[PDB]
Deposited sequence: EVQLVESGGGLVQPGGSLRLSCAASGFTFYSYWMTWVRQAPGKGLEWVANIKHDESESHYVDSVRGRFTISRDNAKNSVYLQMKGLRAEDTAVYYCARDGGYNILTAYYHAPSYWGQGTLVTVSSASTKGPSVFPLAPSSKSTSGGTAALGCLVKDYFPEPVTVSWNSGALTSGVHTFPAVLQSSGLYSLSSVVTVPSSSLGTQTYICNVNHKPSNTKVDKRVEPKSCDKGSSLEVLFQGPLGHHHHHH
């Protein structure tokens, strides 16, 4: 069976460097084109680079020209993606794939076929930072009030209401990642429509932040 074992990746700051590699077995490596594809979170696939079986030809998507270098070591059955000047928009899961290629003689293109398992590249300048917590005031027989847990890093945050006494109608939504590199989430409770006091308890251990916010109309 074909195997493509991906290596490399991880977390860097903007302007940093990475090198991904793919180690092939189960096929005669130096007969095949190799292709790199990336996938940002919640998005589709994007073609990144390709390289001919003999490195005599290699192509790159425009936004990585002069920053990424594709290469291959046929003796080691490996293909590499060298990444410099990394930007936040480069954050993605990166896949190596076999083929992706084009035979001039027959004008035939073989689609990316076998794919590595993917490796995560994260480019971020964010630093640990405790959230600011803002009350989300109310105004189907029920009222929604909540807590905006804004601008923190890294995940996670824990939110409870009335120190765990209120658990019904409580929906804590998963976080957004902002373009600042910081996370935000919201915790909402749906309550019967001035009598009960509602308090959200926000805990961010990485910053040793604890905050209780009273939510009122």
| query | finding |
| --- | --- |
| Stretches of the record's deposited sequence for which the structure holds no C-alpha atoms | 140 to 144, 199 to 201, 226 to 249 |
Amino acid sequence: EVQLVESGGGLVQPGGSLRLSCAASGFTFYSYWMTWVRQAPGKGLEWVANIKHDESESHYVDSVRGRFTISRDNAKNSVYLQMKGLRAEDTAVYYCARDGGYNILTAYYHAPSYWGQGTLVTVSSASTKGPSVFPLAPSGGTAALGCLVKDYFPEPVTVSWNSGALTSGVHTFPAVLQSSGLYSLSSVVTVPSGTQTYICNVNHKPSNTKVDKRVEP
From here on, numbers count along this sequence of modelled residues.
| query | finding |
| --- | --- |
| Stretch with the greater mean C-alpha B-factor as recorded in the entry, comparing 159 to 167 against 51 to 59 | 159 to 167 |
| Between the two ranges 60 to 68 and 169 to 177, the one averaging a larger CA B factor in the entry | 169 to 177 |
| Largest Cα B-factor, entry values, listed residues 86, 93, 79, 143 | 143 |
| Out of 191, 37, 148, 40, residue topping the C-alpha B-factor column of the entry | 191 |
| Third of the chain's Cα B-factor distribution that residue 137 belongs to, per the entry | highest |
| Entry-reported Cα temperature factor of residue 16, expressed as the chain third it lands in | lowest |
| Entry-reported Cα temperature factor of residue 23, expressed as the chain third it lands in | middle |
| Third of the chain's Cα B-factor distribution that residue 10 belongs to, per the entry | lowest |
